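Neighbour counts are summed over all protein chains in view; Cβ atoms, including those assigned to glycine, are modelled from backbone coordinates with ideal geometry. Please treat every number below as a calculation from the coordinates, not as lab data.
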RNA sequence: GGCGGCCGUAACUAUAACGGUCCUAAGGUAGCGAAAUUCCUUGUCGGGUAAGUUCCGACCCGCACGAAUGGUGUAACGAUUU
RNA sequence: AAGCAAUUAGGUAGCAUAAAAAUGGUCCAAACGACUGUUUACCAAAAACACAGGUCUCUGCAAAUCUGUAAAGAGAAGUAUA
RNA sequence: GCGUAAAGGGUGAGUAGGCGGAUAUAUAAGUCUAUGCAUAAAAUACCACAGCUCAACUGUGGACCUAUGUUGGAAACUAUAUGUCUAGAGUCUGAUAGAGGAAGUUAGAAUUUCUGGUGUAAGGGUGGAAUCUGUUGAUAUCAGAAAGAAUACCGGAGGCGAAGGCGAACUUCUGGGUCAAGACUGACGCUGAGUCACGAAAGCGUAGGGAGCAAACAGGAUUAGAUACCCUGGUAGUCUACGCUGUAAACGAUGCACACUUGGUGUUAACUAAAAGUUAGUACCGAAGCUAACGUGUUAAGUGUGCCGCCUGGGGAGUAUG
RNA sequence: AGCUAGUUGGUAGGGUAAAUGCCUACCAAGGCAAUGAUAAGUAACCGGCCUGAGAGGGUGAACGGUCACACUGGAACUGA
C-alpha cells in the first residue's frame, strides 16, 4: 500500500492522544 | 462431520473428475445418488455406473463419458436447492434449463424425476440440480 | 491420573459387560472421574491455564454426551445422574 | 531552602508560536488563578435583583498561586464561614 | 360493626379530632477541614489540634531515645512485620 | 463481496438458534396435485367486444397470477414419532514424538560492587571531540566474597500449543496430538448471537528485590537553534508473589469444518531391520484452474456447501453524546 | 433495558343488549421482557397509485370500504 493512508491514521491518533493527555488531570 | 450434501458431494466430485478428464469417479452410495445417476444414464450424460465394495462399504463407480476430442459431455452441473435455501416449484413454473438443451432434476412425490417427466406427469417438487 | 485399574473397574461397573467401554454411561463416568481429579489439581495450581482449558473441553464433552443420552434413553439418564451426583 | 530579566518579530489592528542577548545552582512543569492570596479595583464580561463594593460562572495584565511548610478535586459529615 | 391487631365501613359532634404539654424548618450553591472527637477553667469551640493513611530517617539489644554527677529506671520482661 | 481497494472477531470452550451419514415404518406441519371446491365487495390493473364523430373517457364479458380456509389424494426431500447399520465422531488397548502448562529444587559462564596483593598516568569515547573516570592508586592483572538478571554451543527452508507463546538441568502434578483391524458405543455431529475463560509488551494497586539495561531528567558535543539522532551518567520500569487493565502490523493483513481436484525438491514423526513406500505434519518451486494485477496454486486465493463475524465513497470520526 | 402494583390471577358483587378488572370489596404476588417488554419519534388503514423485465422499492391524491374527530376537555338524557 502507498502508506500515505497509514500516515494519515498515525497523525490522527497522535492528535487524539494529545487531546486526551491535555485534558487529563483536569477536573 | 456436517456433510450437508449427500447430493452436492457427489455433484462436486463428479464435476471435478469430469473437468480434469478422468475415466471413472468413485462416489458414496445412497438411494438418491443411485436415482440421480440413473437419470444421468438415461439422458446420456454418463456411460454407466456399477456397485462395489471396499472395506465392507458399498461404492458407486461411474464411467465418465467424453467425446472423441476429450470434451466432456457434462458442461456445467450445479445445485439449486440447498439446506440453507430450499427451492420448490410447481409443475408450471418449472424452469426449462438452457432452452431444454440441459435437464433439470427434481425430487417429487413420485420419486426423483427429470423436468420433462415432471411436466408430462403434471407433478412438481424440490429442484435438486441442473445439468447442461 | 486415573490408573488402568480404576478405568477398567468403572467400565465393569457401568457397562453391560467387561468389554463395554464405549457405552455412554462408561463415557460419562470416566469423564466425571477426570473432571474430579482435575478440579483437585487446579485448586492447587491456580495459575495453570492449559489444564483449565483441558478441563473445560472435558466438561463440554460431558454435557454433549448428557444431552444425547437424555434425549435418547431418558430413564437411564435420570438413573445415571442420580447415581453419579450430577445435579440437574 | 531556591525556582530570572531585556529586546525584536506574521497577507489590518492587536498580541508573539519564534529569534537574539545578559546572568544564575537552576530559572515555576502539571494544575489553579481579582483566590481565606489582586495594591491599582466596585478590573472586565455573563448569571441572579426593579436596583448587587457581597455571591456564582469565566477572562489572565498572578503588585505578591503552585505541587508532602503538599497541588487540584471529592460522596458523606459541620452548634464553622458566605 | 367488621378485624388477631394495625386498619376498614357506617353513623354522630365541633371552628379546630398527633385537639393539652413534650416532640426535625426545608431546599440550592460556594469556601475550609475528610469524618466521630480535642482545645484558650474566667470575652476566641473555629478553617486551629488530634485522627486513620503516606514518606524520609535513626536504632542489632549492656539498641536508638529520655531523666540524672552517677548508679539506675523507662524503652522492655519488647527485638526491624519492633 | 471481505490476502493487498471499505470488509475475518486476538484465540478457544460452549447456551439459545441454524444445519447435518446410511436405512425401515408411521404421521402429513412444509412441499406437490385435482390449476377440486370456496372466499379474496365494486372500480382500478390484463385480454377481446362494444357506445360517445375517434381518442381520452365509458360499459358488458373473459381471465392470468398469489392469499387464506377447506375436501380427497402422492410421499422422494425438509419436519414429527419409534427403530436398524458403521463408513463420521468418540471410549478402551498398544506404540510414539514434543522449548505444552504449573509447582518445588539446582547449575556454570559473564558482568557489577566490595575486600586484599602486583603496578603507573592515563582510562573511557567518537566521523572528529568533550563531558565523565583516575595520583584519595584508575584502567590492566591475581585471589576471595556477595547479589541480581538472563540461559551461548545444541539451534534450522525444526518441534509443540487454540492463540498469545514456549529453549541451562532434574523431579512431582498435569493438558493435547498422531498412528492401528483392535475391540466397544451406534450419528452421540458442524458452526455458534449473548455469556465465560485465556490473552505479547506497556501500564496500575499491595509487598519485596534491584546486577545489567533504561522513558523522564542532568551534563558534554553536532547545529542558526537540537526539548533529538551521538557520548557520559541516571529515577520509574525491566524481575518475584497476589489482585486489576484486555490493547498490538494480536498477520498467513487469508474465520472454522467437511467432501474432492496433476507433479517436482527437501524436511519432522510413526510403521517397516533399513532402503522403498504409505500416513499425519512442515517448507520451496510449479501444470491446469482462479485473480484487476501482484500473485495464489492438495497447508487454494481451485471446484461445492453448513454456520458465525464483518463491509456499502473520502474527510468530519472511531470524534461528540449516552 | 427493565416495565407494570387494578398491575397478574382467583372468590363474590356493580353494571351492560352481552363476555371480560369493564368496575368495586376481599384473597394471593403474580404478569411481561435481548425470540425486544416498556419508552421515544413518526403515521389514519385497506382496496389501490407511481415506478420496474420481474422480484422489489416508494407511496395512501381522486374514487370505494372501515376507523377516529367536529372549537379544547368531560358528562348523561331521549332513542331499535
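For the pair residue A:18 and residue B:16, how long in nm is the line joining their label points, each one 7 Å along Cα→Cβ?
If labels sit at residue A:18 and residue B:16, their model points lie 5.7 nm apart.
Please identify, among B:115, B:23, B:84, the residue showing maximal mean-square fluctuation in a Gaussian network model of chain B using a 10 angstrom Cα cutoff.
B:84
Using Cα centres only, tell me the gap between chain A and the stretch B:48-82 in whole Å.
61 Å
Estimate the FRET efficiency between residue C:74 and residue C:36 by the formula 1/(1 + (r/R0)^6), using the beta-carbon distance for r and 30 Å for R0, to the nearest 0.05.
0.75
Classify the protein assembly as shown: rounded, prolate or oblate, from the alpha-carbon gyration tensor (a ≥ b ≥ c, eigenvalue square roots; a/c under 1.5 rounded; otherwise prolate if a/b is larger than b/c)?
oblate
Given R₀ = 22 Å, FRET efficiency for residue C:6-residue C:65 by Cβ-Cβ distance, to 0.05?
Here the calculated transfer efficiency is 0.70.
Once the Cα atoms of helix C:4-14 and of chain C are each reduced to a long axis, what angle between those two axes, in degrees from 0 to 90 to the nearest 10, is obtained?
With rounding to tens, the tilt is 40 degrees.
In nanometres, what is the gap between the two model label sites at residue B:9 and residue C:86, each 7 Å from Cα along Cα-to-Cβ?
In this crude label model, residue B:9 to residue C:86 measures out at 2.9 nm.
To the nearest 10 degrees, how steeply does helix B:31-43 sit against the main Cα axis of chain B, on a 0 to 90 scale?
The two axes meet at around 90 degrees.
Taking chain B as a Gaussian network, where each spring joins two C-alpha atoms under 10 Å apart, which residue of B:86, B:54, B:122 fluctuates the most?
Of B:86, B:54, B:122, the Gaussian network model singles out B:54 as fluctuating most.
Can you figure out the FRET efficiency of residue B:24 with residue C:20, using R₀ = 45 Å and their beta-carbon distance, to the nearest 0.05?
Numbers: r = 42 Å, r/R0 = 0.94.
Once the sixth-power term is evaluated, E becomes 0.60.
At q = 0.11, 0.17 Å⁻¹, what is the base-10 log of I(q)/I(0) for chain B according to the Debye formula with one equal point scatterer per Cα and no solvent? Please give it to two decimals.
With one equal scatterer per Cα and no solvent, log10 I(q)/I(0) is -0.39, -0.92.
Over the C-alpha atoms of chain C, what are the Rg and the largest Cα-to-Cα span, Dmax, in Å?
Looking at chain C, its Cα Rg and Dmax stand at 13.7, 41 Å.
Need one number: nm distance between label points at residue B:71 and residue B:2, each 7 Å from Cα along Cα→Cβ, rounded to one decimal.
Here the modelled spin labels are 4.0 nm apart.
Relative to the longest principal Cα axis of chain B, at what angle does helix B:6-20 sit, 0 to 90 degrees, rounded to 10?
Approximately 60 degrees, to the nearest 10.
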